[PDB]
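What follows is a pair of forms of the same protein chain, given separately as structure tokens and numbered structure 1 and structure 2.
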Structure 1
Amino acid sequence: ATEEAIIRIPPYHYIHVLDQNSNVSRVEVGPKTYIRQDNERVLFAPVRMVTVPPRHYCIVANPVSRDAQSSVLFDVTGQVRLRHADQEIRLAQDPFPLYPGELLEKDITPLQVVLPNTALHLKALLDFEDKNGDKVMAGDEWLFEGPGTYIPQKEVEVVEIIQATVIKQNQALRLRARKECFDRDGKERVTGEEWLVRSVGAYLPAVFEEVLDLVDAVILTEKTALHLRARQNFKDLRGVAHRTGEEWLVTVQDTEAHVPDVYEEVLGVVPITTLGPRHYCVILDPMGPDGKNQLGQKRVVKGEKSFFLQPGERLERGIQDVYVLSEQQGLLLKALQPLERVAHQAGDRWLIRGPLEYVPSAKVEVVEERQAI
């Protein structure tokens, strides 16, 4: 007795039988006691079927060609016809035998589980119809948010895993638009446009949203103000419009904490100019009603007032002391320009007697303080 005539095939096992005088190679399924014929030859002893457990998948190379009835199509000779070259993904299924030709390209591998607060970047490689009925085009990109289980498809690739970035109380997330997309607030964004997300908590970016850097809010104390300059034309969060190159200050009256926006540029922190009842100061190049510095002009501020120094402004002699006069104290004043107390012309000089809490204007100057008159 040359070869094995009777082969017992156990449950969930299979053998390949070749018909020698026709080259028809077929699969015989268990559990059955198979009797080999004189024209037949058994290729190998019964091997275990490819069992795919739940939560798992496998890839089969050169899969069997099947009709609408899922039944395996045969050749003109009776040979099982195979879809050569390409591959097929098979999920949790009843244990299946391998047909003559098809081979296990990838063994039993657990399905990719997506965690909460994470999403999968998915790009369509070729045209296909999805589960809903939508026609998906090659080049389309979308997300798959967890928790859940992703099922692999030959038409779709996994680009990357997106982790959601947590934003604290005094923080904001800077985003970049990769393509023409819509903001989470419902605002259309062009390619390369940047904006800030002021939402507190976990933030998962959209498909075309690129995460850049977390920006901390500058805490504004009563004595401090934020110096800012517009990088380009934009309208701020408060409502006031800003143009390229313009400079402005942000105080506590505006907000408790300010986050520097995309079109905002931080220049520094400006300390408050505090004055008492007996204090005054002169400001060079004061900002006009048009919002522009009056070059070569002077402004006098007095009488206990608290204010911030505007962009492009300077103090002439810091915090000056108000000229307090007694009944014997006097001041010799000189006019720098025509004045109007009787009117004074060019370089007129006059004496001012006390007692007076005197403060000189920009047009007058103090030459000498006289004592005991």
Structure 2
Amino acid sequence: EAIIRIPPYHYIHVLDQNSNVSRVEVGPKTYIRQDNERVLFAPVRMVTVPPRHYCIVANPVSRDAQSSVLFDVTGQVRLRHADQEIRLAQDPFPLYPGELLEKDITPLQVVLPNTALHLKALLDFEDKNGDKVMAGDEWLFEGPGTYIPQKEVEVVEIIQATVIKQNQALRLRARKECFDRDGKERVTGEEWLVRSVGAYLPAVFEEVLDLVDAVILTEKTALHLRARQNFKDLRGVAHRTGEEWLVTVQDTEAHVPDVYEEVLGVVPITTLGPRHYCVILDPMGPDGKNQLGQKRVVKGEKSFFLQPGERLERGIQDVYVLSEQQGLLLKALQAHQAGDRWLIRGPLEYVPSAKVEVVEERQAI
């Protein structure tokens, strides 16, 4: 056809065959073609990007400082060749000879409150801040708000915050060498706990593991832990691997077992009545260490927790209770010297000493 009617928001490409230059013609116009001109297609509709959408043009036209299209020494459009442009809301536009619509009209990502876009640089580039970004670099676009797509950047996934409730902590693992929120160094594969209550939005290198629940402690229970590695606990107390200790309510009401601790179990309190005693085997010393092959008599109106490594010789035992007609022949191993024996009699209660052996049980009357 010699006469091409182009509607208001359409365009054509016209190839000049004497100069080889193809250019755009835009409506509204009744276009009449010159002799050495071909019309590449019927008038095609211009690209209109609605507010809150975008598209991507491949081989986008280049423009000067004043944002106006540039043309060759021949008059052919100047493109930025294997490049891309993100095009936002604007008046409808034609595509120029060579320009391609890489991605058609697409809504902008609106990022919600407790979520983030996991971003990754596809190449080395310079930032809005004047900052240099490396190809494999990963970071977050933190919600809320609108994310403007970038040709240099891939959205890997949407990340959702993990809600941490009271008496819970979140266990994280480092995917690579990094620094956590607080700026503490974390090495690859290292694990730790976040204890802040609320939604926790993990950093890109923070792999989200299990939420951990507190063990609630009462006056009647202690938590038996073993150190998995050397650490200093919430109370500023150093432990070394394989060492074991008890956590009680005097320490805290709620204990979240840290990554460094292994739960061995819950120790119920031992209570001795007024006429009861027990013998602790391998009793803990003042230096925190089990005194092996030793024993310690505990008696009579006491409540205690059995410490790690400790055990009771024969459960809870009855004190010797003697009536009027009864007595006890006792030998000293120590006032009396070591070896001599005396009678103790009348009504009484005797608790075994171990610096004295009961030789005889006198019902003699």
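For numbering, take structure 1's sequence and count from 1. What we label the rigid core is the largest C-alpha set whose atoms superpose within 1.5 Å from one form to the other.
C-alpha of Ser71 off by 2 Å or more between the two structures on rigid core: Shift at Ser71: 2 Å or more after core fit.
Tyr12 C-alpha relocation of at least 2 Å between the two structures, rigid core basis: Shift at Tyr12: 2 Å or more after core fit.
Taking 2 Å as the cut-off, check whether the CA of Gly354 shifts that much or more between the two structures after a rigid core fit. Where the cores coincide, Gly354 still shows a C-alpha shift between the two structures that is 2 Å or more.
Distance the CA of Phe44 travels between the two structures [rigid core superposed, Å]: That residue's C-alpha sits 4.8 Å away in the other form.
If I align on the rigid core, how far apart are the two C-alpha positions of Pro311 between the two structures? Answer in Å. That residue's C-alpha is offset by 1.5 Å.
Rigid core superposed, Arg176 Cα shift between the two structures in Å? A shift of 0.6 Å.
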